[PDB]
């Protein structure tokens, strides 16, 4: 009973393994569909079931992800470290099905269903903290969630409040609680298993990955630095799909790539005479210089708390992966002082 592209054919009210009962669809992706379900063997707890196509490569992909979720569950027995919880998984007629705790909209969907209006800085703070907290729990267990984006950070609950802005004559949404979870472990890699060559989503991709210099945990921090910027202004920091433009935007926003990285990268067609081969006086050259600025010029306030957020973002968008801030040292960063510890 299969779709023309491999998906399960279901309707509201269908049952799965006479155990789950479909209520709604939450979304879809290339891999399959996520459905809201009631789980009558967990006393009617509401779950989110992921239904992946009959396609083998996805079936095998999910088996790897199921292993990562198994390990997360093994090393967070009290569900304190803010990665999504898998309650169950089963093979259903060639469809791999994973049972997750029910959460809300992503931090991206909310940001766009609010017209790409940034989150207020004190929300950026609790979101950034939880992000680092959860990705540090992975690093402390020899993992790299290879694919961090606002799409994969779910609000536990994205109920909000509407308020009218007298000042700016605008209807503003404000999510009530900022508890998040990190999701989508389909790409996470233990330290000891095989590493893909290219990982992450172009906009959140670290330069070491681009220059094929070898990657591990530090490349997540790069991602996190990009998501934080987006949380704070609404738009992605790097808006490209080409390597040389990408590498050129980084040089615009962060200054020149260090020579240690250049001389060592085998991607030498991007450089001439030790420097990035890029002519600012061209077609794409002045598209880059016009469409993004040095980092701290994106500051919307000289308040010291705002300078502390860009102090943070600057340390995660460091070129050299080992000069790059670690999540351990990030939970200790001055920017997170105003938070209440627990």
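Residue numbers count along the first chain shown, from 1.
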property: Mean C-alpha B-factor comparison - 308-316 and 287-295, higher one; result: 287-295
property: Between the two ranges 161-169 and 227-235, the one averaging a larger CA B factor in the entry; result: 161-169
property: Highest-ranked of 129, 222, 137, 90 once sorted by CA temperature factor in the record; result: 90
property: Residue 147 - which third its CA temperature factor falls in, relative to the rest of the chain; result: lowest
property: Residue 240, C-alpha B-factor rank within chain (lowest, middle or highest third); result: middle
property: Ranked against its chain, the third holding the CA B-factor of residue 258; result: middle
property: Assigned third (lowest, middle, highest) for the C-alpha B factor of residue 28; result: highest
property: Entry-reported Cα temperature factor of residue 192, expressed as the chain third it lands in; result: highest
